[PDB]
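Engineer: Dumping the structure here so I can ask a few things about it.
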Amino acid sequence: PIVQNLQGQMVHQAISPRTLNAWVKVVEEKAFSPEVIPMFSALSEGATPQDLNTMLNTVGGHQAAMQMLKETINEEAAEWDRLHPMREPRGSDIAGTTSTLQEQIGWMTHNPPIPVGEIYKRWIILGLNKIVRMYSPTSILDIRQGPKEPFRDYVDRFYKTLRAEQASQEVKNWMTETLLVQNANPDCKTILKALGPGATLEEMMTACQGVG
Amino acid sequence: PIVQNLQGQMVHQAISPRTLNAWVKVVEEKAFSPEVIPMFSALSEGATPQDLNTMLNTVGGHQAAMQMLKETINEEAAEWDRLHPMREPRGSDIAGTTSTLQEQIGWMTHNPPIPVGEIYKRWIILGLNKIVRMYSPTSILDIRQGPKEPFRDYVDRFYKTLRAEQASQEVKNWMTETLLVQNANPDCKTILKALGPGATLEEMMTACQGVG
Amino acid sequence: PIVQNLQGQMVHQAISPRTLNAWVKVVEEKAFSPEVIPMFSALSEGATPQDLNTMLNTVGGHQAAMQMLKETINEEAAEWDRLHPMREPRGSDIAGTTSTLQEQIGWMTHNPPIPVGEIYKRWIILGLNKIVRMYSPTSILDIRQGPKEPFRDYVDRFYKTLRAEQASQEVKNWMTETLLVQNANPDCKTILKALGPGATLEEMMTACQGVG
Amino acid sequence: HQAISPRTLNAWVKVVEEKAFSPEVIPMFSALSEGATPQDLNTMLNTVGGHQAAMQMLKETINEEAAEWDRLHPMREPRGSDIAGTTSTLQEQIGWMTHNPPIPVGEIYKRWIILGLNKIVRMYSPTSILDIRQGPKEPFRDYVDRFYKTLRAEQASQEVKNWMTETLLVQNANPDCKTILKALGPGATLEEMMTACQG
Amino acid sequence: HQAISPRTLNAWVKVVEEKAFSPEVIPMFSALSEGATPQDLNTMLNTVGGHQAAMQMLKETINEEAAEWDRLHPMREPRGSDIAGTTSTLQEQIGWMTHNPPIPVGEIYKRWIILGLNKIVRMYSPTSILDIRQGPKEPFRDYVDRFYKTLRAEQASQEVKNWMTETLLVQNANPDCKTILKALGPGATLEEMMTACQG
């Protein structure tokens, strides 16, 4: 992180141990559920490349996830160097392996701020999105409401799987509009189709409140 | 947040990573149970509009909840601009999208304090109340004591659903007075009606202690 | 830990009580699952030998784990003294039993930094790896997919046991490549073998999504 | 201006009657109505004998589109009725195409008719694409032909159709073919898919 | 510019439906689509009712060829999609066809479609060549016709097909004519082969 000293000069602030422990708990217990990405974003707010590499070290227990995260980081660094051929931050500098700590702090504290931390964070988020896409327990087409399950639980599962799938935005809109209604159980499906097309999710949940 | 510097001049204090992680856990695990609103109020004490937008970013995983929260924020900003046509905070300024950080700190630190953080917080709380109202698993009329369930558990469920429903206050009073007694199981319902009308909840719980 | 004073001179920072409580929870609840090692690494970031001994004291509830950790520490200290016959840190100094606190801070704050904390941490990590290797509930050859279990759960179990086993890296690669396919259930195993050899884990998980 | 040919009109009538309403009616109508005027279009629509319910849908959709056009817009310029040809002379219809520069009155009405026909064929498709699934013994060839006909009739966005082709074709198939298709794995072509799945 | 004739489109759909995807479909398409612009070709393909699996193979092959064209060749120059007619306008296609030197987008698209149709026919060959064989009483005049129809469907290389005609034909022949072919011996033309086989 970054914080002002007593006089005011910006200086690197070490990431606290309990934050890293929380991130380790997130990596281990959750098994790369779709909820990790918001948790990673929260636990890494203001992170520099050194801190992000510290988090990646804990990620590195899983060989496959670590390998794909490294591959996506390398690819995005190559893209950055392709687009953009204290020195200007290169791809490896954004990756926090060649650039030193002081260069990172200077880049983040520059006027205007060079968002090295944020760009590296978004690369990591893309890699984590891919990893999450692997570990989705089932595809969206397999989510089906049970004979007795409440509509709220089915919608929760459907939207979780939708976050996992990471399709195109228009595809997601069509999915929520049509596939949600299609896969519902018959007793609910009658009411959903009677509501008609273009029904907002608020109408859908209110109409089917406790039908099961 | 806001905190005095070493000399004493007010300056923005960044929201800690672990607080945002806790808020993410609240958004994800709880599935918008009625308990989120107190937890949101606690986790966002002293929040500025920038911090509240930071929390909203984590909320933004859910498309429907994020959409309705944005819609309520826009509506309340329009209401604010309608009522009230460093510059005075406009609706978008309260929303923390046009106003800069320093303007927010100045507004909160003004004499008298302009409660930009609190008004934005209450708008967010209204939106979250609506979202919670969607995700209520069952309506209040479906809560019914089981044949063996203790009275304390039934009352807990009833009051949770009452918090979820968000009806008029007089309607809530009538509901607690009459509907609670009506839906109780027959063995308890005999004692509840024998207690008579206008019985305080303390009398109701003490009388039916361990009846089931 | 280590942190700059108000003037800037480096001084020892005490390990917070809540960090030690979290480490105690990790030692007790987890029962030396493979996830402890990342959690230990996170909770002990920047630790000096005195802090590491403080953590070891909480570890010392378990007689066998404490004994083996002490034995590995002594062995690695003997190796350090063998390789390398304020004074230079001896093996017992790295162990944080002969060296005083101020010598440790001076070593860590030296130019270049003497990584006494990190070397002691890696010795502790080797000992914890051995302890974890004892407490593995089953060997890798016993992990077998169930008739109905999803492929994601089976892969999670397999990689957890692989982390526990701690074999040679090439052995691990062969294990993930062949033994994972061999032990899968027949309905999945058909698809895995149809995918052919040299299939990346991404292909394996995507192909067998929801087959069970 | 030239009169519509009896051969063309008979072809339109016979294809509509024979095909009832299948997705190829849209390209057939577009081909046979090449550069036609609103009077010719109305002739082609009214000439259809059967499927008067479908013709009612088409007229209702034309009226709705005309109302929207009138909402968007209050030689004399054309209103929705003028575009639909209900209140336009043949000379008036020739105008707005003979006008320099012309405003394509015929093409707008053709687009409205195409929207109505898309709705009609979507209604006339006997099953939904998500409900299309393989029989226990149906050939994979017949399954995929039915699936792609239904997908053609679906009237959805193009990216949605691409995802549909990528996923539901493999997914909705029976387990016997599903095993072979998964063994082929993603990124394969339909040609490879059927050639492998011949048995 | 003149649009495709309704008689031509009706003939095309008629022959496609009646013949299925037999080998003659390719030359028939080449005949009917002479000088046809990409818009006309797209209409010609879209109007086909049924065989949507075949139309999907055709679309996929067109997309692959368009990608190859775009890779090889990076008014505005025509792209692969423009040749395919999905993106480029009718006027743009007409201008490209009229330009000197010409960019015959029609001919390139026709060649791509011919490739796709060849692949489709090779898929659609009902029985492999090795399976065809003379019956106990089937005349040689019909057995050889079946054999050569299938051989045209298979679309193997000429070097293979020489051996196929030389050996597989005589091998699969019925026992009565097998002896006659063997006696007649190698270096034989089809006229000799049949004219030695009657009865």
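Basis: the model, the stated rules and, where named, an outside source; nothing here is a laboratory result. Ideal geometry is used to build each Cβ from the backbone, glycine not excepted, and the neighbour counts take in all protein chains shown.
Engineer: Restricting attention to segment D:71-100, which residues are exposed (fewer than 14 other Cβ atoms within 10 Å of the Cβ) and more than 24 Å from D:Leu9 (Cβ to Cβ)?
Structural biologist: Correct list: D:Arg71, D:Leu72, D:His73, D:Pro74, D:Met75, D:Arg76, D:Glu77, D:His99, D:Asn100.
Engineer: Of the conditions (1) facing chain B (nearest Cβ under 10 Å); (2) out of contact with any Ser or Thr (no Cβ under 9 Å at 6 or more places or on another chain), A:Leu195 clears all except one; give me its number.
Structural biologist: (1)
Engineer: Taking the condition surrounded by fewer than 16 Cβ atoms within 10 Å (Cβ to Cβ), more than 14 Å from every other protein chain (Cβ to nearest Cβ) and assigned to a loop (DSSP other than H, G, I, E, B), does C:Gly146 pass?
Structural biologist: Here the answer is yes, as C:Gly146 does meet what is asked.
Engineer: Same structure again: Among the residues in segment C:20-30, are any touching a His at 6+ places or on another chain (Cβ under 8 Å) and closer than 17 Å to C:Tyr135 by Cβ?
Structural biologist: Within segment C:20-30 (the criterion being touching a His at 6+ places or on another chain (Cβ under 8 Å) and closer than 17 Å to C:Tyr135 by Cβ), the answer is yes, since at least one residue qualifies.
Engineer: Here is a check on your reading of the model: is C:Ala78 of a type outside the set (D, E, K, R), surrounded by fewer than 16 Cβ atoms within 10 Å (Cβ to Cβ) and farther than 27 Å from A:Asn21 by Cβ?
Structural biologist: Here the answer is yes, as C:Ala78 does meet what is asked.
Engineer: Related question: Counting just the residues of segment C:198-209 that are more than 11 Å from chain D (Cβ to nearest Cβ) and assigned to a helix (DSSP H, G or I), which one comes out nearest to C:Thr178 (Cα to Cα)?
Structural biologist: Selected residue: C:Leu201.
Engineer: Keeping to segment C:91-113, report how many residues are more than 15 Å from C:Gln9 (Cα to Cα) and buried (at least 19 other Cβ atoms within 10 Å of the Cβ).
Structural biologist: So the count comes out to 6.
Engineer: Scanning segment E:27-43 for residues that are in contact with a helix residue (DSSP H, G or I) (Cβ under 6 Å, 6 or more places away or on another chain) and part of a helix (DSSP H, G or I), which turns out nearest to the other protein chains (Cβ to nearest Cβ)?
Structural biologist: E:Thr43
Engineer: Of the conditions (1) assigned to a helix (DSSP H, G or I); (2) more than 16 Å from the chain's Cα centre (by Cα), B:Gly96 fails just one. Which one is it?
Structural biologist: Status for B:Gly96: all satisfied but (1).
Engineer: Something else about it: So if I check each of C:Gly117, C:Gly212, which one is surrounded by 15 or more Cβ atoms within 10 Å (Cβ to Cβ) and assigned to a loop (DSSP other than H, G, I, E, B)?
Structural biologist: Exactly one of C:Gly117, C:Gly212 is surrounded by 15 or more Cβ atoms within 10 Å (Cβ to Cβ) and assigned to a loop (DSSP other than H, G, I, E, B), namely C:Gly212.
Engineer: Please enumerate the residues belonging to segment C:178-192 that are at the interface with another protein chain (Cβ under 9 Å from one of its Cβ atoms) and over 22 Å from A:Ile143 (Cβ atoms).
Structural biologist: C:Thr190
Engineer: For segment E:85-94, state whether one or more residues are more than 29 Å from D:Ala153 (Cβ to Cβ), away from chain D (no Cβ under 14 Å) and not aliphatic (A, V, I, L, M).
Structural biologist: Looking through segment E:85-94, at least one residue is more than 29 Å from D:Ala153 (Cβ to Cβ), away from chain D (no Cβ under 14 Å) and not aliphatic (A, V, I, L, M).
Engineer: Read through the list (1) among the charged types (D, E, K, R); (2) surrounded by fewer than 20 Cβ atoms within 10 Å (Cβ to Cβ); (3) under 26 Å from A:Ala42 (Cβ atoms); (4) touching a helix residue (DSSP H, G or I) at 6+ places or on another chain (Cβ under 8 Å), then give the number of the only condition that A:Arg157 fails.
Structural biologist: Against the list (1) among the charged types (D, E, K, R); (2) surrounded by fewer than 20 Cβ atoms within 10 Å (Cβ to Cβ); (3) under 26 Å from A:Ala42 (Cβ atoms); (4) touching a helix residue (DSSP H, G or I) at 6+ places or on another chain (Cβ under 8 Å), A:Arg157 comes up short only on (4).
Engineer: Additional query: State whether one or more residues within segment D:177-184 are closer than 22 Å to A:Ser168 by Cα, within 8 Å of another protein chain (Cβ to nearest Cβ) and not in a loop (DSSP other than H, G, I, E, B).
Structural biologist: The answer is no, given that none of the residues of segment D:177-184 is closer than 22 Å to A:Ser168 by Cα, within 8 Å of another protein chain (Cβ to nearest Cβ) and not in a loop (DSSP other than H, G, I, E, B).
Engineer: Can you work out which of the residues in segment A:20-50 that are touching a strand residue (DSSP E or B) at 6+ places or on another chain (Cβ under 9 Å) and surrounded by fewer than 23 Cβ atoms within 10 Å (Cβ to Cβ) is farthest from the other protein chains (Cβ to nearest Cβ)?
Structural biologist: For segment A:20-50, the residue satisfying everything is A:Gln50.
Engineer: Counting just the residues of segment E:59-78 that are touching a helix residue (DSSP H, G or I) at 6+ places or on another chain (Cβ under 6 Å) and within 15 Å of E:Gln39 (Cα to Cα), which one comes out farthest from the other protein chains (Cβ to nearest Cβ)?
Structural biologist: So, considering only residues that are touching a helix residue (DSSP H, G or I) at 6+ places or on another chain (Cβ under 6 Å) and within 15 Å of E:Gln39 (Cα to Cα), the one farthest from the other protein chains (Cβ to nearest Cβ) is E:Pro78.
Engineer: Something else: Is segment D:9-20 home to any residue that is exposed (fewer than 12 other Cβ atoms within 10 Å of the Cβ), more than 27 Å from D:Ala156 (Cα to Cα) and either assigned by CATH to the domain that holds D:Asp145 or more than 18 Å from the chain's Cα centre (by Cα) (or both)?
Structural biologist: No, there is no match, as no residue in segment D:9-20 is exposed (fewer than 12 other Cβ atoms within 10 Å of the Cβ), more than 27 Å from D:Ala156 (Cα to Cα) and either assigned by CATH to the domain that holds D:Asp145 or more than 18 Å from the chain's Cα centre (by Cα) (or both).
Engineer: Run D:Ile129 past the list (1) away from chain E (no Cβ under 14 Å); (2) within 30 Å of A:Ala184 (Cα to Cα); (3) not in a helix (DSSP H, G or I) and report the number of the one that doesn't hold.
Structural biologist: Here D:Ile129 meets the rest and fails (1).
Engineer: Is there a residue in segment D:105-124 that is in contact with a helix residue (DSSP H, G or I) (Cβ under 9 Å, 6 or more places away or on another chain) and not in a helix (DSSP H, G or I)?
Structural biologist: no
Engineer: Still on this structure, I have one more. Could you grab me the full set of residues in segment A:125-143 that are part of a helix (DSSP H, G or I) and either within 10 Å of another protein chain (Cβ to nearest Cβ) or out of contact with any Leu (no Cβ under 6 Å at 6 or more places or on another chain) (or both)?
Structural biologist: A:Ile125, A:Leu126, A:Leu128, A:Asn129, A:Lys130, A:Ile131, A:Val132, A:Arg133, A:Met134, A:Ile140, A:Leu141, A:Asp142 - these are the residues of segment A:125-143 that are part of a helix (DSSP H, G or I) and either within 10 Å of another protein chain (Cβ to nearest Cβ) or out of contact with any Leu (no Cβ under 6 Å at 6 or more places or on another chain) (or both).
Engineer: Now, a different point. Go through segment B:160-193 residue by residue and tally those that are assigned to a helix (DSSP H, G or I) and farther than 30 Å from B:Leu126 by Cβ.
Structural biologist: Residues flagged as assigned to a helix (DSSP H, G or I) and farther than 30 Å from B:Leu126 by Cβ within segment B:160-193 amount to 10.
Engineer: Please specify each residue of segment A:127-143 satisfying the condition of being among the aliphatic types (A, V, I, L, M) and either within 20 Å of C:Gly210 (Cβ to Cβ) or surrounded by fewer than 16 Cβ atoms within 10 Å (Cβ to Cβ) (or both).
Structural biologist: Listed by number, the residues that qualify are A:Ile131, A:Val132, A:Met134, A:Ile140, A:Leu141, A:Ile143.
Engineer: While we're on this one: When you look at C:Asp81, is it over 23 Å from C:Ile37 (Cβ atoms), out of contact with any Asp or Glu (no Cβ under 8 Å at 6 or more places or on another chain) and assigned to a helix (DSSP H, G or I), yes or no?
Structural biologist: Spelling it out, C:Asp81 is indeed over 23 Å from C:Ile37 (Cβ atoms), out of contact with any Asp or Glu (no Cβ under 8 Å at 6 or more places or on another chain) and assigned to a helix (DSSP H, G or I).
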